[PDB]
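Protein chains in written order, with full-length UniProt numbering: chain A, 3 to 56; chain B, 219 to 272; chain C, 219 to 272; chain D, 57 to 218; chain E, 57 to 164; chain F, 57 to 164; chain G, 165 to 218. Here a beta-carbon is modelled for each residue, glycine too, at the ideal position from N, C-alpha and C.
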Amino acid sequence: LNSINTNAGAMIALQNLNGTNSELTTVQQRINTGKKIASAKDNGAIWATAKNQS
Amino acid sequence: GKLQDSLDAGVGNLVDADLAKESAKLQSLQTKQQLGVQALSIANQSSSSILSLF
Amino acid sequence: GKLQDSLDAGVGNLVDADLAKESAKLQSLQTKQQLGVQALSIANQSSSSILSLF
Amino acid sequence: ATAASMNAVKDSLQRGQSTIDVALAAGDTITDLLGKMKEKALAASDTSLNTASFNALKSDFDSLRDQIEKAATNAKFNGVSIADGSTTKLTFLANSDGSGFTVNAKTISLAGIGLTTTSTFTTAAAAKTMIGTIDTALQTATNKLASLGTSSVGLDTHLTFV
Amino acid sequence: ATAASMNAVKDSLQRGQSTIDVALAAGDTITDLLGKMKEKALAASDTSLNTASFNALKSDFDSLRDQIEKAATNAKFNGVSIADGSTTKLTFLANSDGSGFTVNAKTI
Amino acid sequence: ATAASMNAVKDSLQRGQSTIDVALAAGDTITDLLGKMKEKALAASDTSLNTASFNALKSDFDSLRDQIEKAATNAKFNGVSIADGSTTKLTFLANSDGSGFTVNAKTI
Amino acid sequence: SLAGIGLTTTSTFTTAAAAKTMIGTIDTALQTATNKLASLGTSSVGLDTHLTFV
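Printed below as a string of structure tokens:
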């Protein structure tokens, strides 16, 4: 396959790159807020429990 | 007073992130994204060799 | 905690690639692909000889 | 054509995540106000307080209640919202065939958490009952926010898969 | 003629590879969700939890279960699927004679 | 073929190294607990002590004992452990022929 | 034409459910249009073959 109209390897590379970008974003959010569960998106049950305790 | 301190410490144990591991993950993911960008840049050029055939 | 660290290190040993070998494998394969495209371009030229006979 | 149709479902998931984020911000504001109201009611439940202090805490309670209603009203994203009772649910695109991704709405207004625009205490016993009322309201608000966050994470996962 | 007929065989093999790729992507989604459900159930197994925390964990469990059901439902490639259990097996061309390439379906 | 077969040897050696690392972690925990029980038994060997202190030392000793048993039974790695006594020995690949790398179990 | 693919000069959706039905209607229209185009292409190839024979 030497097609000039598509590039599946580029798609796989972009998928891996987007996964790495998401990992870096979540890690920098943990570094910035100082919390591994800063919102209900992180983990709803433990987040709500912690809000009640606080 | 001691009970309030216990509850606040419990919230902190429940939610707070461990920055020591975050420090290693940050540098590892920076290197990871740089390698991913390099590999995607290499993958983008797969169609460039086709023009040599003509 | 030390258990979880040991299990994560073990999974890393099972799965993580060693990038130092890939740093050389990548250049070797790039050179080999360039030679392969050159050889295909050479093999494509076989038709040129027939015209001179007529 | 089927492959090119996926941009619409991606956009639907993205606007769903945006709406949920706006609702979560409003819910954080409501949670802080509810905690302050709990403190006010708990302090006003005391009998030893004089009348002027009781009136001051009652006024603070009313002001925070009004702020909760205003913040719940303001939680909209492009004229639609998931957390103020305006609609029962919002369905978001899941595939090219039009199959949805149901997301039930979670009301966080005072009407949706057992409170009322005129809720207030007038005696110490009324404040002591309002203590538990506010505790239950804060609890149900936290569960609704957690459900909304789980729905947002599901939207993100399906966006990656699509 | 029998040499030129191989193009349909190659196309069928490529289509099977694409179907398996879609199935594998859905499988990674379900594996991550299964891990999250493991964590939720394993945390809810504790007896020291209060009623509200248990109910929140149960709600997250139910939501992740429904999300697995949906993710398994959406794993299709051009109207066919090898992971949702729609059919027992798929057969792809292996020769110009019509020889098959049986791939038993794996319901997920 | 013979040279390419050695990747299995390498990965088996890595798996064995990980298993023994888990075993040493558990063993260090067991050693610390054993030293603490040494001190508890020595302190309770005193004759002049009264009954209540002796019962408290008994409770501490039994708790440390339970800690040792649980840390020992938790010393698994992928369903296999060299320190819990589940098996006589473990053998990992050492050559492409299939000759093993014998390592005897040391129950802790 | 629009009449020939199951559509109409006045086809439209007024509510969200009407649009959800319109999705399937447009799917059917696209399918029948592609089928008709494939039939026309096969007919053209047949004309070319018969012209060579003639």
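Cβ of residue i within 9 angstroms of Cβ of residue j?
i	j	result
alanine 150/E	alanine 139/E	no
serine 109/E	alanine 47/A	yes
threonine 213/D	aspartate 88/E	yes
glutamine 55/A	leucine 232/B	yes
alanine 79/E	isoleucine 164/E	yes
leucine 16/A	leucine 258/B	yes
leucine 244/B	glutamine 30/A	yes
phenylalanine 157/D	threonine 85/E	no
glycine 205/D	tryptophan 49/A	yes
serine 264/B	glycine 11/A	yes
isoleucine 268/B	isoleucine 6/A	yes
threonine 174/G	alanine 167/G	no
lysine 38/A	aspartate 44/A	yes
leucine 237/C	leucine 247/B	no
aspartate 191/D	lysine 94/D	yes
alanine 202/D	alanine 40/A	no
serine 270/B	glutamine 256/C	yes
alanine 261/B	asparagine 9/A	yes
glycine 36/A	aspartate 234/B	yes
According to DSSP, is residue i part of a helix, a strand, or is it coil?
i	result
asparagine 231/B	helix
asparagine 151/E	coil
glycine 46/A	helix
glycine 156/D	strand
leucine 166/G	coil
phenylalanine 133/F	strand
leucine 105/F	coil
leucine 16/A	helix
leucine 146/F	strand
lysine 38/A	coil
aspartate 122/E	helix
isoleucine 86/D	helix
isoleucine 138/D	coil
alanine 197/G	helix
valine 65/E	helix
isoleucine 6/A	coil
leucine 171/G	coil
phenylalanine 177/G	coil
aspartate 223/C	helix
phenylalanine 272/B	coil
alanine 59/D	coil
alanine 161/D	coil
Once the 5 residues before and after residue i are set aside, which same chain residues still bring their CB inside 6 angstroms of it?
i	result
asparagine 160/F	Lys145
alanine 193/G	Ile169, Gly170, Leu171
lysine 184/D	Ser101
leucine 211/D	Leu69, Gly72, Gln73
residue 278/C	Residue 278/C lies beyond the range of chain C shown here (219 to 272); nothing can be said about it.
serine 208/D	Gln73, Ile76
Whose C-beta lies closer than 7 angstroms to the C-beta of residue i among residues of the same chain, with five residues either side of it excluded?
i	result
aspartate 153/D	none
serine 74/D	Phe133
residue 229/F	This structure cannot speak to residue 229/F, because chain F is shown only from 57 to 164.
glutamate 125/D	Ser165, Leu166, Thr173
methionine 186/G	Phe177
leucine 215/G	none
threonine 143/D	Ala161
Sorted by chain position, which residues of the same chain lie with C-beta nearer than 8 angstroms to residue i's C-beta, five sequence neighbours on each side aside?
i	result
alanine 82/F	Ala127, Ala128, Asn130, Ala131, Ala139, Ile164
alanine 197/D	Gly83, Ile86, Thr87, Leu90, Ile164, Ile169
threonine 147/E	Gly156, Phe157, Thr158, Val159
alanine 180/G	none
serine 61/E	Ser152
Worksheet entry | Stretch-stretch touch, CB-based, cutoff 8 angstroms, three pairs: the region 88-102 of chain F with the region 110-124 of chain F | Three or more pairs of CB atoms, one per stretch, sit closer than 8 angstroms, so the region 88-102 of chain F contacts the region 110-124 of chain F.
Worksheet item: In the region 248-266 of chain B, which residues sit with their C-beta less than 8 angstroms from some C-beta in chain A, listed in chain order?
Response: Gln248, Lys250, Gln251, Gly254, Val255, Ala257, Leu258, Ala261, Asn262, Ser264, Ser265
Discussion item. Residues of the region 185-198 of chain D in Cβ contact with chain A at a cutoff of 8 angstroms, in chain order, please.
Written reply: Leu194, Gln195, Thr198
Worksheet item: What are the residues of the region 26-42 of chain A that lie near chain D, defined by any Cβ-Cβ distance shorter than 9 angstroms?
Response: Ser41, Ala42
Worksheet item: Taking Cβ-Cβ distances below 7 angstroms as the criterion, which residues of the region 69-80 of chain D are in contact with chain G?
Response: none
Discussion item. Counting only Cβ-Cβ distances shorter than 9 angstroms, please list the residues of the region 122-154 of chain E near chain D, keeping chain order.
Written reply: So the close ones are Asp122, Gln123, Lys126, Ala127, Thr129, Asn130, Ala131, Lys132, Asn134.
Fill in: Contact residues within the region 84-105 of chain E, judged by C-beta distance below 7 angstroms to chain A
none
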